[PDB]
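What follows is a short report on a single structure.
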Amino acid sequence: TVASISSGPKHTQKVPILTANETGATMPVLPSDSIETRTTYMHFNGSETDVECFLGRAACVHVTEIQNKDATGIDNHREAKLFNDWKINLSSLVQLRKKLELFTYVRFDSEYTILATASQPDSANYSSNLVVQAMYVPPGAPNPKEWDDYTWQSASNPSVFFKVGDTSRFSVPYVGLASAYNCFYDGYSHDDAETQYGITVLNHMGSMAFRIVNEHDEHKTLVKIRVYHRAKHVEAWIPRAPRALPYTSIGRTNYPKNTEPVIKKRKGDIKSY
Amino acid sequence: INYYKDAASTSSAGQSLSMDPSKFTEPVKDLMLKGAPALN
Amino acid sequence: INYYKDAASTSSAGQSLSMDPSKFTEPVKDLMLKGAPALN
Amino acid sequence: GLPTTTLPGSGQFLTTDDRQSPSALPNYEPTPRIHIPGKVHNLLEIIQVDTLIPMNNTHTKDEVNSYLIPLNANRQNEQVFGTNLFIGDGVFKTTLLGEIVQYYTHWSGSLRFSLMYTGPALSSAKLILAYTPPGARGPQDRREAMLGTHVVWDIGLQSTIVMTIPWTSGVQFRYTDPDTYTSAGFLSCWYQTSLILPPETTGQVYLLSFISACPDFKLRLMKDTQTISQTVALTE
Amino acid sequence: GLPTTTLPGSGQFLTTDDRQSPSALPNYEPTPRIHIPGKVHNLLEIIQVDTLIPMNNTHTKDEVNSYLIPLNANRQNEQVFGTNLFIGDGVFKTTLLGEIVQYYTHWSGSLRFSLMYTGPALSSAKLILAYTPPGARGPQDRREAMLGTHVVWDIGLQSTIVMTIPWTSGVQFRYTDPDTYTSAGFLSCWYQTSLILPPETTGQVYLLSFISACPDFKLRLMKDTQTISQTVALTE
Amino acid sequence: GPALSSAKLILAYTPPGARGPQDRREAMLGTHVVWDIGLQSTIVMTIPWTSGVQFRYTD
Amino acid sequence: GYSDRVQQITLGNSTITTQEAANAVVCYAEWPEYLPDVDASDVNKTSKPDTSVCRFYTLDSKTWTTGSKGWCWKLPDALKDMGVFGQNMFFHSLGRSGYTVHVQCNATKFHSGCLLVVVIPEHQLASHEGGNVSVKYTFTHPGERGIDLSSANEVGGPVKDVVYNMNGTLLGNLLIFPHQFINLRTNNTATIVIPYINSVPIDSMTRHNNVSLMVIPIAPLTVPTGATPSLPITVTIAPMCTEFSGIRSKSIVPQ
Ligand SMILES: Cc1cc(CCCCCOc2c(Cl)cc(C3=NCCO3)cc2Cl)on1
């Protein structure tokens, strides 16, 4: 492939460099339309800018935490982090968010990796070996109330059991309702006068729930869960302007008030170098 | 070799090697030729 | 590839792709045609 | 010795994975199969059999009576019953259809709603059933109702009427647990003319109503049902 | 049982590796794809669309005005604007090009810089745009500027002029984050003759300026952008 | 008008049955042409035959 | 003698002529078309009023003055009240449509000024409150009036800051969306053909707008000496290939 062809002096009536940008086109002008060039080859394919590659590496999408401790006398397991949940969403963390929001609709399978590490902030004789249980409560499913409920039975709910310190991994098809995931949605659930606005109304795919299978030892053990997400088989439509201001909420476009100028002011003139 | 039955479980896809910027760079209704005048 | 000798040890079965609701939805002795009167 | 590398996920137990295992009982011979009528292959086979809907839900303890929709002689213009179409909740919820839908997260497809009339043979009636697609309110009078999907039913020799709620939807799947964006409409029924009883006869007559899914139907993404739970393991 | 040996790296999780995994939802059927205009396959497709450069960066809070390069009637010989070419920083940094370049470590290729004139139709002007390849200082006067890559632009019916910064380089890749060894030059613009307004007209006229990449362009070695960060996870 | 002036007008035909339009919004919902005044000096609007009855009386 | 410059668009019972065009943009290089069966889901036969809905509606005019910040209309909202298009809209459960947008602004060879005319698929607005405040319905359904970016923040309304596109992105990059400029010195109209863009085959026309049309002054209007300091901008829009499905009772929407 040639990156530049050889081109010499020109004295024409045919001027490729004068255009009318009002038309909305970006005319494909090249170095050889306005200087004299020599042949050179590309030596490159643009492999690593493919959208599959761009969205295809694992990104941290969520960090939660649960603890193993005596539940005796706990009136609210959920509240004691005897077990937590993550109401599946990819808008939490902004690193992967900005990347995704470069497009309007996106379609992909997900591969999740879940790393779990334990901490024992206060005096323990040892490090126990705990087994985590991650179960996906599809919307319209009995939500775990306790840490050893009947829900954890998950007889129809896909669940994975792995050891703390270890990692769990699996992949999920694209479980979108539509033909693709809406990165943006300028509409509402229904024609109400108070109903929410955005995608937060469209992206209601239940939540994930973690818990430690093991009973309690004499000390307490903090287990912190990190969920990583990798898109595989990516398809993206309609590019948009990149995010400039900071994010404030999962699912709304809102930016913070009295934010700071995002364009760097010159130290000098327009004329400055 | 796929070891698994479902398609979601296969590895990453392989390069589009599609690439056609004209839907974005030249969505004009009447075709513009480089070198010919923009507005006639 | 089965690595094991016994049939119980193989993975899940594969979709019936059988599907015939008529034993449940139309177990009538004399055949009913949709569009013809139910009771003649 | 062949060199290997283990990946993330090694040693995990995923309740949904499907692999081979050693048999604990090597060489054992199972009992022969004999023929048994009734084999089921797909849950899609059974949700096409219709079952009764406790439409008359207004009681206070479960009773045979909540299966009966009453009809009054001589009323004109008025409304016989109304319900939204959240097949995973409300009237639908205990029906076989409702009961299976609840094992899945998403459904799509047409529903078949039929009414069988049980009044004396010498009576007569004309009813209108109306399906209102998502976007409008439950109709408030027949005029409103008759502008959407409807069937004038003429009560005759042929005892049942089968109304279909054709799949009307932007999004190709709806959630089985009630959700707004994903909502499916309303179903109402009104007197078209009115029920008329023969002489020597009196009182209320009832309609029985059934629900089953058309062959159209799709259910996907299995999950656990809110319809059953427990607090301690059962013993003998 | 086949004999194996595990190598260094077993059990590691590399966020960039690409392998197979069990599906948690065995046998699930995804929604059909429908057609949607606009599919993107490569980021290289989109960085060829031109976008506006806030060249007039001299303000103190972001304003529509930093997109406008002003022009003065009757000045001769003088300089309209100047900038270095660190596409990952400074004026370029918020443009789509700048914004994507920042996802990669290295770039190589030609850039297309165009200026669209917005002054009254009955005015006229001749400007010179000059590209100064690495190695010399930003030009200080047109004489200095005109000895490097330049285009005399004659403002006419055809409203825009497209200047190309041809890839001039020893090393075949430059770093996107500004680096010296790897630096690309300067871009300046001066009056060639001068802007002249028609009668009954007055004040400043402005040029809009765009930047996009030539088909020449290469970007490689993906990394994280300095353009976005956060202090706590976002909630609903 | 002078050659260096410019203008955009809308001409609207309202078929029988409605009143003479009272504002452009009303006017623009019937047969209309946006005319852009340019080099080409005249605009030709056609009142297409809109009618139930195939003849009308001249009086 | 054909120029890129003169054009005629006839759609239904209405025609537009421009003698000073700058080509026309067809979003993503695709022209509006009806919904194919292979892509269909709802089993209902659809209604295609054709020429009674696919004609040109001219919205009320705006006034560009030196202080203008820009205006924003949403589709199909802007047309919610135009003739039979609008009736169909409130009466069917689902509908689908593409449009031809023609923005008009003429001046003289002594004026200067340049507007950006852009179409943004799925333009989800931001609340000026920050945090996770929502933007109420009424605020994103201005109707033919559209939203005036130089109007004041209101409560439950969107933010109207131009250099952020009403969503946290910079004005400068709006050029990645199908768009066309109106530069008084060149141009006097902008025309964009919009194909139907959605993640579902057909949708509700009232709970979801699928494009915002935005007209933004970028190079300020500058009139000749002692000229009146303002110009009107007019927007005319025509639904094209419209289809409605799931007819019934007639939606009632807030406010
Ligand atoms: C956009 C967009 C995309 C997504 C992803 C949605 C996630 C779908 C559900 O994914 C899971 C499934 Cl199918 C199973 C499990 C799981 N099975 C056993 C343990 O976890 C976890 C998840 Cl997140 O969210 N917004």
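FYI the Cβ positions are ideal-geometry reconstructions off the backbone, even for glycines, and counts take in every protein chain you see. Every number in this text was worked out from the coordinates using simple rules, so none of it is lab data.
Return the residues of segment F:12-27 that are surrounded by 10 or more Cβ atoms within 10 Å (Cβ to Cβ) and within 10 Å of another protein chain (Cβ to nearest Cβ); say none if nothing qualifies.
Of everything in segment F:12-27, those that are surrounded by 10 or more Cβ atoms within 10 Å (Cβ to Cβ) and within 10 Å of another protein chain (Cβ to nearest Cβ) turn out to be F:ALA12, F:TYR13, F:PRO15, F:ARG24, F:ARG25, F:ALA27.
Any residue at all in segment A:165-180 that's more than 7 Å from every other protein chain (Cβ to nearest Cβ) and surrounded by 19 or more Cβ atoms within 10 Å (Cβ to Cβ)? Steps first, please.
Filtering segment A:165-180 down to residues more than 7 Å from every other protein chain (Cβ to nearest Cβ) leaves A:165.
The next check asks that each one be surrounded by 19 or more Cβ atoms within 10 Å (Cβ to Cβ); those that pass are none.
Looking through segment A:165-180, none of the residues is more than 7 Å from every other protein chain (Cβ to nearest Cβ) and surrounded by 19 or more Cβ atoms within 10 Å (Cβ to Cβ).
Within segment A:191-211, identify whether any single residue is part of a strand (DSSP E or B), more than 11 Å from the ligand (Cβ to nearest atom) and more than 7 Å from every other protein chain (Cβ to nearest Cβ), and answer yes or no.
So far as segment A:191-211 goes, yes, one or more of its residues are part of a strand (DSSP E or B), more than 11 Å from the ligand (Cβ to nearest atom) and more than 7 Å from every other protein chain (Cβ to nearest Cβ).
Being in a loop (DSSP other than H, G, I, E, B), more than 13 Å from the ligand (Cβ to nearest atom) and crowded, with 22+ Cβ neighbours inside 10 Å is the filter here; which residues of segment A:181-190 pass it?
Within segment A:181-190, A:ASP186, A:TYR188 qualify.
Can G:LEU149 be described as touching a residue at least 12 places away in the same chain (Cβ under 8 Å), more than 7 Å from chain A (Cβ to nearest Cβ) and within 17 Å of E:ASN65 (Cα to Cα)?
In short, yes.
Yes/no matrix, rows are residues, columns are (1) outside any loop (DSSP other than H, G, I, E, B); (2) surrounded by 23 or more Cβ atoms within 10 Å (Cβ to Cβ); (3) aromatic (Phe, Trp, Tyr); (4) within 14 Å of chain B (Cβ to nearest Cβ):
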position	(1), (2), (3), (4)
E:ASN65	yes, no, no, no
E:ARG75	no, no, no, no
E:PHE86	no, no, yes, no
E:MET116	yes, yes, no, yes
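Only one of G:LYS74, G:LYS69 is under 17 Å from G:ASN165 (Cβ atoms), touching a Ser or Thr at 6+ places or on another chain (Cβ under 6 Å) and more than 14 Å from chain A (Cβ to nearest Cβ); which?
Selected residue: G:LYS69, the only one of G:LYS74, G:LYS69 that is under 17 Å from G:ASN165 (Cβ atoms), touching a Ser or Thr at 6+ places or on another chain (Cβ under 6 Å) and more than 14 Å from chain A (Cβ to nearest Cβ).
Answer yes or no as to whether C:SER18 is of a type in the set (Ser, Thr, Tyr) and facing chain D (nearest Cβ under 7 Å).
yes
Pick out the one residue from G:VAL163, G:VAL193, G:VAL155 that is part of a helix (DSSP H, G or I) and among the β-branched types (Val, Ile, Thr).
On the way: G:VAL193 fails: part of a helix (DSSP H, G or I); G:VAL155 fails: part of a helix (DSSP H, G or I).
Exactly one of G:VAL163, G:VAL193, G:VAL155 is part of a helix (DSSP H, G or I) and among the β-branched types (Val, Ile, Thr), namely G:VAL163.
Examine segment A:234-243 for a residue that is within 16 Å of the ligand (Cβ to nearest atom), under 26 Å from the mean Cα position of the chain (by Cα), in a loop (DSSP other than H, G, I, E, B) and within 23 Å of E:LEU97 (Cβ to Cβ), and state whether such a residue exists.
yes
Which one of the conditions (1) closer than 24 Å to A:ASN143 by Cβ; (2) within 13 Å of the ligand (Cβ to nearest atom); (3) charged (D, E, K, R) does A:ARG226 fail to meet, given that it meets all the rest?
Unmet for A:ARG226, out of (1) closer than 24 Å to A:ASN143 by Cβ; (2) within 13 Å of the ligand (Cβ to nearest atom); (3) charged (D, E, K, R): (2).
Could you check, for segment E:179-192, whether at least one of its residues is crowded, with 17+ Cβ neighbours inside 10 Å and in contact with a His (Cβ under 8 Å, 6 or more places away or on another chain)?
No: zero hits.
Taking segment A:133-164 only, how many residues are within 14 Å of the ligand (Cβ to nearest atom) and more than 10 Å from chain D (Cβ to nearest Cβ)?
Total satisfying the criteria: 2.
Inside segment G:50-95, can you point out the residues that are among the hydroxyl-bearing types (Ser, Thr, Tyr), over 22 Å from G:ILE192 (Cβ atoms) and buried (at least 23 other Cβ atoms within 10 Å of the Cβ)?
Scanning segment G:50-95 gives a single hit, G:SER93.
Across segment A:165-176, what is the total count of residues that are among the β-branched types (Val, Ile, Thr) and more than 9 Å from the ligand (Cβ to nearest atom)?
Adding up the residues that qualify gives 1.
Which is away from chain A (no Cβ under 14 Å), not hydrophobic (A, V, I, L, M, F, W, C) and not in a loop (DSSP other than H, G, I, E, B), of D:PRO54, D:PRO70, D:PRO30?
Every option except D:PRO70 fails the conditions.
From the list D:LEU96, D:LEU111, pick out the single residue that is within 11 Å of the chain's Cα centre (by Cα) and within 14 Å of chain G (Cβ to nearest Cβ).
D:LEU111
Only one of these is within 22 Å of the chain's Cα centre (by Cα), away from chain A (no Cβ under 13 Å) and touching a residue at least 12 places away in the same chain (Cβ under 8 Å): G:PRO195, G:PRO201, G:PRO224, G:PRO220. Name it.
The conditions single out G:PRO220.
How about segment G:124-140: which of its residues are assigned to a loop (DSSP other than H, G, I, E, B), surrounded by fewer than 20 Cβ atoms within 10 Å (Cβ to Cβ) and touching a residue at least 40 places away in the same chain (Cβ under 8 Å)?
none
Residue by residue through segment E:13-39, note down the ones that are under 35 Å from the mean Cα position of the chain (by Cα) and at positive phi.
E:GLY38
Just checking, which of D:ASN65, D:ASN42, D:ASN27 is without any contact (Cβ under 8 Å) to a residue 24 or more places away in the chain, closer than 30 Å to E:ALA24 by Cβ and more than 16 Å from the ligand (Cβ to nearest atom)?
Unique residue meeting the criteria: D:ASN42.
Within segment B:12-40, which residues are exposed (fewer than 13 other Cβ atoms within 10 Å of the Cβ), among the aliphatic types (A, V, I, L, M) and either part of a loop (DSSP other than H, G, I, E, B) or in contact with a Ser or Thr (Cβ under 8 Å, 6 or more places away or on another chain) (or both)?
Once the filter is applied, which keeps residues that are exposed (fewer than 13 other Cβ atoms within 10 Å of the Cβ), among the aliphatic types (A, V, I, L, M) and either part of a loop (DSSP other than H, G, I, E, B) or in contact with a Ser or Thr (Cβ under 8 Å, 6 or more places away or on another chain) (or both), segment B:12-40 yields B:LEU17, B:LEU31, B:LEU33.
Looking only at segment G:20-45, which residues are buried (at least 19 other Cβ atoms within 10 Å of the Cβ) and either aliphatic (A, V, I, L, M) or free of Cβ contacts under 8 Å to residues at least 12 places away in the same chain (or both)?
If the condition is that a residue be buried (at least 19 other Cβ atoms within 10 Å of the Cβ) and either aliphatic (A, V, I, L, M) or free of Cβ contacts under 8 Å to residues at least 12 places away in the same chain (or both), then G:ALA21, G:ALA22, G:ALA24, G:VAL25, G:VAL26, G:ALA29, G:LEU35 are the ones that fit.
Which of the residues spanning segment A:88-120 are touching a strand residue (DSSP E or B) at 6+ places or on another chain (Cβ under 7 Å), within 10 Å of the ligand (Cβ to nearest atom) and either assigned to a loop (DSSP other than H, G, I, E, B) or of a type in the set (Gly, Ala, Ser) (or both)?
Matches in segment A:88-120: A:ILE88, A:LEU90, A:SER110.
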